[PDB]
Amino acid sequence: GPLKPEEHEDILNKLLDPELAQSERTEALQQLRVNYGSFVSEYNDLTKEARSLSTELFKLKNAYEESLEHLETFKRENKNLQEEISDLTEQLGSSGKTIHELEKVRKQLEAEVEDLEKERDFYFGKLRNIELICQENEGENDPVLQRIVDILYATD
């Protein structure tokens, strides 16, 4: 780009001698002049660049805060959905425990019905068998047997 400090100094040295080539004197000044105009334009450009960088910054700062706000509202919804799932699985736990107890109850009741059915059949079959014996012997006209028959035939 422009002139480095030690190069600039090289020209100043030439300009010190009051009796060096006048053509080279005026040529040395035009170098200093053209250099100084470039260095001002370089500095200016660099100032326009830093200003625009500062504008990109706080334009990105507006975006960062909208995103940090957006991200926080999903963090909260994520936590709310967590507690939601937690509460449903606690209910599934209790529901499951209730079902397990009702199934034990059902199993107990079915074993009791089986037993009671078989006991009822056992008594009924005895009454059938006893009526066959009364029937075999009815020609005896035995009033004791007929009392047994009266018990057998009585309806609820």
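Each residue number is its position in the shown sequence, starting from 1.
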(message) If you average the CA temperature factors as listed in the entry, which stretch comes out higher, 31-39 or 100-108?
(response) 31-39
(request) Decide which of the stretches 120-128 and 89-97 has the higher mean C-alpha B-factor, going by the entry. (result) 89-97
(message) Lowest, middle or highest third: which one holds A154 when the chain's residues are ordered by CA B-factor from the entry?
(response) middle
(message) By the recorded C-alpha temperature factor, relative to the other modelled residues in its chain, which third is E136 in?
(response) lowest
(message) Using the temperature factors of the C-alpha atoms in this entry, rank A21 within its chain: lowest, middle or highest third.
(response) highest
